[PDB]
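Participant: Make a model of this:
(chains A and B)
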2 protein chains.
Amino acid sequence: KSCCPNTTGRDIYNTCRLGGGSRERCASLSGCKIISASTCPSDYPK
Amino acid sequence: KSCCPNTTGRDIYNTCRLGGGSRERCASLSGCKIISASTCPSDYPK
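Facilitator: Residues are numbered from 1 along each chain as shown, chains lettered A, B, ... in the order given. The protein structure is shown below:
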C-alpha cells in the first residue's frame, strides 16, 4: 500500500504510476511510503 | 536549468530530484521545462 504525507505527494506518486513507474521508484520520487497495511497512518494519510 | 510554472511545480520537481529522478522524468511529473540555458522564460519563472 502506498501512503503519502500529503496530497501533492499522492499526486506525484499517482502520476508516476500512471506513466508506468514501479511502486518503490514512484514512492521515492514522491515522498510516499510503501507499507504492508491497507490503511494509511495518520501521518502518511493520503 | 529547470524552469517551473509555479511554486507547486517547483516543489514537485525538486521532490522528484531529491528522490533520484532525472531532470526529464521530474519535468514530466512537475510541468517544469528543462532549458539548457540560464534564463527561464517569464511563463516558467519558478
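Participant: burial measure for residue A:15, as a count.
Facilitator: For residue A:15, the count of nearby residues is 18 (other CB atoms under 10 Å in any protein chain shown). All C-beta atoms are positioned from the backbone trio N, CA, C, and that covers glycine.
Participant: Chain A against chain B: which residues are in contact?
Facilitator: By the rule CB under 8 Å from any CB of the partner chain, the part of chain A lying against chain B is A:8-9, A:11-12, A:15-16, A:19, A:28-31.
Participant: Just the buried positions in stretch A:36-44, please.
Facilitator: By neighbour count on 16 or more other CB atoms under 10 Å in any protein chain shown, the buried set for stretch A:36-44 is A:40, A:44.
Participant: hey, which helix is longest across chain A?
Facilitator: Ranked by number of residues, the top helix in chain A under DSSP state H is helix A:7-18.
Participant: mind listing what's buried in it?
Facilitator: Neighbour-count burial for helix A:7-18, with 16+ other CB under 10 Å as criterion, is recorded at A:8-13, A:15-17.
Participant: which residues touch residue A:21?
Facilitator: residue A:29 (CB atoms under 8 Å, 6 or more residues apart in numbering or on different chains).
Participant: Give the other helices and strands that the longest helix of chain A contacts.
Facilitator: Contact here means 3 or more CB pairs under 8 Å, 6 or more residues apart in numbering or on different chains; DSSP states H and E; on that basis helix A:7-18 packs against helix A:23-30, helix B:7-18, helix B:23-30.
Participant: right, and those - which one's nearest residue B:44?
Facilitator: helix B:7-18 (8.2 Å; CB to CB).
Participant: For the closest one, what is the distance to the chain centroid?
Facilitator: Relative to the mean C-alpha coordinate of its chain, helix B:7-18 is positioned 7 Å out (CA atoms, centre = their mean, to the nearest Å).
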